[PDB]
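Coordinates from structure_23.cif are shown below (mmCIF, C-alpha atoms).
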data_run
#
loop_
_atom_site.label_atom_id
_atom_site.label_comp_id
_atom_site.auth_asym_id
_atom_site.auth_seq_id
_atom_site.Cartn_x
_atom_site.Cartn_y
_atom_site.Cartn_z
CA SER A 19 -1.36 31.38 -61.17
CA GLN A 20 -2.31 29.61 -64.38
CA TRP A 21 0.11 27.92 -66.71
CA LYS A 22 0.09 30.80 -69.16
CA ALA A 23 1.39 33.20 -66.54
CA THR A 24 4.68 31.32 -66.61
CA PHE A 25 4.88 29.30 -69.85
CA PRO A 26 3.77 29.58 -73.49
CA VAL A 27 0.92 27.57 -74.89
CA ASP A 28 0.52 26.32 -78.46
CA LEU A 29 3.70 24.36 -77.85
CA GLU A 30 3.67 22.74 -81.32
CA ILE A 31 5.00 26.09 -82.66
CA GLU A 32 8.79 26.38 -82.76
CA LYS A 33 9.10 29.76 -81.05
CA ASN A 34 6.79 28.65 -78.22
CA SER A 35 8.68 25.37 -77.85
CA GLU A 36 12.01 27.25 -77.61
CA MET A 37 10.70 29.65 -74.99
CA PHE A 38 9.16 26.80 -73.02
CA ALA A 39 12.43 24.85 -73.09
CA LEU A 40 14.44 27.75 -71.64
CA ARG A 41 11.79 28.70 -69.05
CA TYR A 42 11.52 25.04 -68.01
CA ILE A 43 15.23 24.59 -67.25
CA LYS A 44 15.23 27.94 -65.36
CA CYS A 45 12.19 26.90 -63.31
CA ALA A 46 13.55 23.47 -62.43
CA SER A 47 16.94 25.01 -61.56
CA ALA A 48 15.32 27.41 -59.06
CA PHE A 49 13.44 24.46 -57.55
CA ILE A 50 16.62 22.41 -57.16
CA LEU A 51 18.89 25.19 -55.91
CA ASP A 52 16.30 26.16 -53.28
CA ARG A 53 15.58 22.65 -52.05
CA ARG A 54 19.28 21.59 -51.89
CA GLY A 55 20.22 24.79 -50.00
CA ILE A 56 22.71 26.28 -52.46
CA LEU A 57 21.79 29.97 -52.22
CA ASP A 58 20.26 31.95 -49.33
CA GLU A 59 16.50 31.41 -48.97
CA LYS A 60 15.81 35.04 -49.85
CA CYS A 61 16.98 34.28 -53.39
CA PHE A 62 13.74 32.35 -54.06
CA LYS A 63 10.02 32.92 -54.09
CA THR A 64 7.25 30.36 -54.29
CA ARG A 65 4.81 30.68 -57.13
CA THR A 66 1.91 28.62 -58.42
CA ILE A 67 1.58 26.81 -61.69
CA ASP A 68 -1.86 25.25 -61.92
CA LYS A 69 -2.09 22.89 -58.92
CA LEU A 70 1.62 22.93 -58.05
CA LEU A 71 3.79 25.11 -55.87
CA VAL A 72 7.05 25.78 -57.72
CA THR A 73 9.94 28.13 -57.12
CA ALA A 74 11.30 31.19 -58.97
CA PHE A 75 14.33 33.41 -58.56
CA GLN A 76 13.85 36.71 -56.71
CA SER A 77 15.68 39.06 -59.09
CA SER A 78 15.66 41.91 -56.57
CA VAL A 79 18.34 39.88 -54.74
CA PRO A 80 21.76 40.29 -56.44
CA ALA A 81 22.83 36.65 -56.13
CA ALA A 82 19.53 35.49 -57.60
CA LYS A 83 19.61 38.01 -60.40
CA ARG A 84 23.11 36.82 -61.27
CA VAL A 85 22.03 33.16 -61.41
CA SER A 86 18.85 33.96 -63.32
CA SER A 87 20.78 36.03 -65.87
CA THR A 88 23.09 33.11 -66.78
CA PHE A 89 20.08 31.59 -68.60
CA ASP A 90 19.86 34.51 -71.01
CA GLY A 91 22.70 33.27 -73.21
CA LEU A 92 21.22 29.80 -73.30
CA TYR A 93 18.15 31.10 -75.11
CA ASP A 94 20.32 31.71 -78.26
CA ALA A 95 22.02 28.37 -77.71
CA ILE A 96 18.58 26.66 -77.79
CA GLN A 97 17.35 28.78 -80.72
CA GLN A 98 20.35 27.79 -82.86
CA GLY A 99 20.01 24.10 -81.89
CA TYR A 100 23.42 24.18 -80.19
CA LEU A 101 22.59 23.24 -76.56
CA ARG A 102 22.81 19.49 -75.89
CA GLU A 103 22.93 19.45 -72.08
CA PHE A 104 22.61 21.92 -69.21
CA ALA A 105 23.80 20.49 -65.90
CA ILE A 106 23.86 21.75 -62.32
CA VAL A 107 26.85 20.19 -60.52
CA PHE A 108 27.57 20.24 -56.78
CA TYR A 109 31.10 19.70 -55.50
CA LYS A 110 33.57 20.88 -52.86
CA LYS A 111 36.44 23.20 -53.70
CA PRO A 112 39.13 22.70 -54.58
CA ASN A 113 38.20 19.53 -56.44
CA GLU A 114 35.97 20.71 -59.27
CA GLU A 115 36.10 17.28 -60.90
CA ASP A 116 34.73 15.33 -57.91
CA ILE A 117 31.00 15.63 -58.50
CA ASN A 118 28.94 14.82 -55.47
CA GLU A 119 25.58 15.48 -57.10
CA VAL A 120 24.26 16.53 -60.52
CA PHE A 121 20.93 17.44 -62.06
CA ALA A 122 21.22 17.23 -65.88
CA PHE A 123 18.85 18.48 -68.57
CA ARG A 124 19.45 16.80 -71.93
CA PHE A 125 17.91 18.19 -75.12
CA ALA A 126 16.74 16.61 -78.34
CA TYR A 127 15.69 18.83 -81.25
CA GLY A 128 12.88 18.15 -83.62
CA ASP A 129 13.04 14.58 -84.79
CA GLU A 130 16.82 14.41 -84.53
CA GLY A 131 16.99 10.67 -84.96
CA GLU A 132 19.76 9.29 -82.81
CA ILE A 133 22.18 11.07 -80.47
CA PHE A 134 25.73 9.96 -79.62
CA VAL A 135 26.14 8.40 -76.16
CA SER A 136 29.22 9.82 -74.54
CA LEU A 137 31.78 7.26 -73.50
CA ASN A 138 33.90 9.22 -71.02
CA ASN A 139 31.86 11.97 -69.40
CA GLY A 140 28.37 12.98 -68.44
CA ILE A 141 25.41 11.06 -67.11
CA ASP A 142 23.85 9.75 -70.33
CA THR A 143 23.53 6.04 -71.05
CA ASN A 144 22.20 3.86 -73.83
CA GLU A 145 18.97 3.48 -71.86
CA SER A 146 18.60 7.22 -71.25
CA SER A 147 19.24 8.08 -74.85
CA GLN A 148 16.63 5.50 -76.01
CA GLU A 149 14.05 7.02 -73.66
CA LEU A 150 14.76 10.52 -75.04
CA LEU A 151 14.46 9.28 -78.61
CA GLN A 152 11.16 7.56 -77.91
CA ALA A 153 9.49 10.49 -76.17
CA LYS A 154 7.14 12.48 -78.39
CA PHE A 155 5.13 15.68 -78.35
CA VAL A 156 1.40 15.01 -78.00
CA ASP A 157 -0.32 18.35 -77.25
CA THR A 158 0.03 21.34 -74.95
CA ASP A 159 -2.33 20.07 -72.24
CA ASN A 160 -0.40 16.79 -72.15
CA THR A 161 2.82 18.75 -71.58
CA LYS A 162 1.13 20.65 -68.76
CA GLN A 163 0.36 17.25 -67.16
CA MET A 164 3.85 15.83 -67.81
CA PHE A 165 5.41 18.98 -66.32
CA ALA A 166 3.36 18.45 -63.18
CA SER A 167 4.28 14.76 -63.03
CA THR A 168 7.97 15.55 -63.47
CA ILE A 169 8.12 18.26 -60.83
CA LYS A 170 6.32 15.90 -58.42
CA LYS A 171 8.89 13.20 -59.14
CA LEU A 172 11.74 15.72 -58.67
CA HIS A 173 10.24 16.67 -55.32
CA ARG A 174 10.01 13.00 -54.25
CA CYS A 175 13.59 12.33 -55.32
CA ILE A 176 14.97 15.31 -53.40
CA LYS A 177 12.99 14.26 -50.30
CA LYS A 178 14.96 10.96 -50.37
CA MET A 179 18.33 12.70 -50.48
CA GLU A 180 20.52 13.37 -47.51
CA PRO A 181 21.62 17.00 -47.09
CA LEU A 182 24.48 18.40 -49.14
CA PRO A 183 27.74 18.80 -47.22
CA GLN A 184 28.03 22.19 -45.53
CA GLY A 185 29.50 24.83 -47.83
CA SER A 186 28.99 22.94 -51.07
CA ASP A 187 29.91 24.74 -54.24
CA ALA A 188 27.88 24.69 -57.44
CA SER A 189 28.50 25.38 -61.11
CA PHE A 190 26.47 25.27 -64.29
CA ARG A 191 28.02 23.24 -67.13
CA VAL A 192 26.86 22.92 -70.73
CA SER A 193 27.64 20.69 -73.69
CA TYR A 194 26.75 21.24 -77.32
CA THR A 195 25.34 19.47 -80.37
CA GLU A 196 27.41 18.74 -83.42
CA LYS A 197 25.95 21.84 -85.09
CA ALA A 198 27.74 24.21 -82.75
CA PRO A 199 30.93 25.90 -83.99
CA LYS A 200 34.18 24.65 -82.56
CA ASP A 201 34.74 27.41 -80.02
CA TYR A 202 31.09 28.19 -79.41
CA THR A 203 30.41 30.01 -76.11
CA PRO A 204 26.97 31.26 -75.05
CA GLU A 205 26.95 34.70 -73.59
CA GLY A 206 27.64 34.50 -69.90
CA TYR A 207 29.54 31.18 -70.06
CA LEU A 208 33.22 30.42 -70.34
CA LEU A 209 34.82 28.10 -72.85
CA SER A 210 36.22 24.94 -71.28
CA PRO A 211 37.71 21.60 -72.37
CA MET A 212 36.06 20.00 -69.33
CA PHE A 213 32.48 18.88 -68.70
CA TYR A 214 31.88 16.53 -65.73
CA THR A 215 32.49 12.88 -65.09
CA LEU A 216 30.79 10.65 -62.54
CA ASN A 217 32.02 7.77 -60.40
CA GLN A 218 31.00 4.39 -61.66
CA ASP A 219 29.07 3.58 -58.47
CA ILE A 220 27.09 6.80 -58.10
CA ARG A 221 23.37 6.37 -57.56
CA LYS A 222 21.21 7.67 -60.39
CA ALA A 223 17.62 8.72 -60.92
CA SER A 224 15.57 9.34 -64.07
CA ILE A 225 13.09 12.15 -63.28
CA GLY A 226 11.19 12.57 -66.55
CA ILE A 227 11.04 14.05 -70.03
CA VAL A 228 8.98 17.12 -70.92
CA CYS A 229 8.33 18.02 -74.55
CA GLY A 230 7.54 21.03 -76.57
CA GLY A 231 6.79 20.53 -80.24
CA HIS A 232 10.41 20.99 -81.27
CA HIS A 233 12.38 20.34 -78.06
CA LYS A 234 12.46 17.40 -75.67
CA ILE A 235 14.13 17.97 -72.27
CA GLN A 236 15.15 14.93 -70.21
CA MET A 237 16.03 15.32 -66.54
CA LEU A 238 18.54 12.89 -65.05
CA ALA A 239 20.07 13.07 -61.56
CA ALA A 240 23.00 11.40 -59.81
CA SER A 241 24.01 11.81 -56.20
CA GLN A 242 26.20 10.46 -53.43
CA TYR A 243 23.32 11.50 -51.18
CA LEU A 244 20.71 9.19 -52.54
CA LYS A 245 20.68 5.92 -50.56
CA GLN A 246 19.82 3.80 -53.65
CA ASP A 247 19.04 4.44 -57.33
CA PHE A 248 15.70 6.26 -57.52
CA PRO A 258 4.15 19.26 -50.10
CA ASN A 259 4.08 21.10 -53.40
CA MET A 260 0.31 20.96 -53.73
CA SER A 261 -1.15 24.47 -53.77
CA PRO A 278 34.12 22.19 -76.41
CA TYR A 279 32.03 22.78 -73.28
CA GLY A 280 30.81 25.81 -71.30
CA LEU A 281 31.05 26.74 -67.64
CA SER A 282 29.27 29.32 -65.49
CA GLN A 283 30.41 30.07 -61.98
CA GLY A 284 27.51 32.43 -61.53
CA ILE A 285 26.27 30.64 -58.39
#

Could you write out this structure as structure tokens?
Amino acid sequence: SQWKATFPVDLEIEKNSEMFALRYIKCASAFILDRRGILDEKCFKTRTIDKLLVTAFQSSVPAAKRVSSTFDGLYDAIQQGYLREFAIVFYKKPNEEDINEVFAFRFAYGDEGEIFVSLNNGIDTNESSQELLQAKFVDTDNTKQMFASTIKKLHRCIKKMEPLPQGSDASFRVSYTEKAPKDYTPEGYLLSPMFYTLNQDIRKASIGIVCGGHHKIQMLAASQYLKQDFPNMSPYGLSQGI
């Protein structure tokens, strides 16, 4: 039930920061997929992290084990400094380009300096990239508190969303840093020329940035199901694992 049952401590250390970064995106993904109704409810279990009720995959369920396992190849992508963004996108087949909702996790490594703002795809903006640059590691306890604050804000955002359309589809999409080789593909993902693009008028929400010592992870959302821009108290990649 304590932090250390789920996440590393001593987050200033590179290996602990890496492991935290991967476990964090997996944790938030389970929270999101459960609350938005993507998989059957038996794919999830509620767990406790300090004062918060969070969600985990139930790996004894095949569909959950499949989704959980997609994260394994992202660990090497994070270790090598190759993962720039992990995004969960919701759409309706057959139109895989028409993104109704996205939850994006953008990474900054060490003190990278500045990061290119994409002009034609994604969710990032000049403002979001400035916020990611300005965020800084402070200490492990502070990251415990910022995790809690961020999950609470994610919960409040999702409470303001209308339900996904019946039978929505979901995919995981990833983009890479300039260090990654030209045809880089994490295990479990497929190489794709396509990422995702959003409509100019979609409503957006900035949920928060959590930091390990060597990794900063920014969560940004966009949805047609938010009305306006926005208890749990105790060279791209594609995965169609969902």

- request: Report as a ChimeraX atom specification the residues that result from applying the PyMOL selection byres ((chain A and resi 200-203) around 12) to the structure here.
  value: /A:91-92,94-95,98,100-101,191-199,204-211,278-282

message: Applying the PyMOL selection byres ((chain A and resi 162) around 10) to the file I just gave you, which residues come out? Please list them as a VMD selection string.
response: chain A and resid 21 25 27 67 to 68 157 to 161 163 to 167 228 to 229

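When all atoms listed in the file are used to compute distances to residue 119 (chain A), the closest of the residues A:23, A:179, A:39, A:133 turns out to be A:179.
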
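The nearest approach to residue 50 (chain A) among the residues A:73, A:215, A:259, A:88, with all atoms listed in the file taken into account, belongs to A:73.
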
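For the file at hand, the PyMOL selection byres ((chain A and resi 258) around 10) resolves to residues 70, 71, 170, 173, 174, 259, 260 and 261 of chain A.
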
Taking C-alpha atoms for each residue, export the selection above as an mmCIF file, keeping the file's coordinate frame.
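The new file result-v2.cif reads:
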data_model
loop_
_atom_site.group_PDB
_atom_site.id
_atom_site.type_symbol
_atom_site.label_atom_id
_atom_site.label_comp_id
_atom_site.auth_asym_id
_atom_site.auth_seq_id
_atom_site.Cartn_x
_atom_site.Cartn_y
_atom_site.Cartn_z
ATOM 1 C CA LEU A 70 1.620 22.930 -58.050
ATOM 2 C CA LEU A 71 3.790 25.110 -55.870
ATOM 3 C CA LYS A 170 6.320 15.900 -58.420
ATOM 4 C CA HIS A 173 10.240 16.670 -55.320
ATOM 5 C CA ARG A 174 10.010 13.000 -54.250
ATOM 6 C CA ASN A 259 4.080 21.100 -53.400
ATOM 7 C CA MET A 260 0.310 20.960 -53.730
ATOM 8 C CA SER A 261 -1.150 24.470 -53.770
#

- request: Give the answer as one residue: which of A:143, A:136, A:20, A:236 has the shortest atom-to-atom distance to residue 43 (chain A), using all atoms listed in the file?
  value: A:236

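Between CA of residue 45 (chain A) and CA of residue 72 (chain A) the separation is 7.7 Å.
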
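Rounded to one decimal, CA of residue 176 (chain A) and CA of residue 83 (chain A) lie 24.2 Å from each other.
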
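If you look at CA of residue 22 (chain A) and CA of residue 64 (chain A), they are 16.5 Å away from each other.
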
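Residues in contact with residue 93 (chain A) at up to 8 Å, not including ones fewer than 6 positions away on its chain and judged by all atoms listed in the file, are residues 36, 37 and 40 of chain A.
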
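For the choices A:242, A:97, A:146, A:66, the atom-to-atom distance to residue 123 (chain A) is smallest for A:146 when using only C-alpha atoms.
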
Distance query 10 Å from (40.8, 15.5, -69.4) using only C-alpha atoms, result as a PDB file with C-alpha atoms, in the frame of the given file:
ATOM      1  CA  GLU A 115      36.100  17.280 -60.900  1.00  0.00           C
ATOM      2  CA  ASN A 138      33.900   9.220 -71.020  1.00  0.00           C
ATOM      3  CA  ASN A 139      31.860  11.970 -69.400  1.00  0.00           C
ATOM      4  CA  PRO A 211      37.710  21.600 -72.370  1.00  0.00           C
ATOM      5  CA  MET A 212      36.060  20.000 -69.330  1.00  0.00           C
ATOM      6  CA  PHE A 213      32.480  18.880 -68.700  1.00  0.00           C
ATOM      7  CA  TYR A 214      31.880  16.530 -65.730  1.00  0.00           C
ATOM      8  CA  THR A 215      32.490  12.880 -65.090  1.00  0.00           C
TER       9      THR A 215
END

message: For a quick check of understanding, using all atoms listed in the file, which of A:102, A:33, A:110, A:245 has the smallest distance to residue 180 (chain A)?
response: A:245

message: So that I can check the surroundings of region 217-225 of chain A, please list as a PyMOL selection string every protein, DNA and RNA residue that reaches within 9 Å of it, counting only C-alpha atoms and ignoring chain neighbours fewer than 6 positions away.
response: chain A and resi 116-119+141+146+168-169+171-172+175+236-248

- request: Identify, on the basis of only C-alpha atoms, every residue whose closest approach to residue 147 (chain A) does not exceed 9 Å; exclude the query and any residue fewer than 6 positions from it along the same chain; express the result as a VMD selection string.
  value: chain A and resid 132 to 135

Resulting file, chosen residues, C-alpha atoms, as a PDB file, keeping the file's coordinate frame:
ATOM      1  CA  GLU A 132      19.760   9.290 -82.810  1.00  0.00           C
ATOM      2  CA  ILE A 133      22.180  11.070 -80.470  1.00  0.00           C
ATOM      3  CA  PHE A 134      25.730   9.960 -79.620  1.00  0.00           C
ATOM      4  CA  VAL A 135      26.140   8.400 -76.160  1.00  0.00           C
TER       5      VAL A 135
END

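All protein, DNA and RNA residues at most 6 Å from (15.1, 19.9, -74.5) are residues 39, 124, 125, 126, 233, 234 and 235 of chain A, using only C-alpha atoms.
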
message: Restricting the calculation to all atoms listed in the file: of A:122, A:46, A:56, A:85, which residue gets closest to residue 184 (chain A)?
response: A:56

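Near residue 81 (chain A), within a cut-off of 10 Å and counting all atoms listed in the file, sit the residues residues 57, 58, 60, 61, 75, 76, 86, 87, 284 and 285 of chain A, with same-chain residues fewer than 5 positions away left out.
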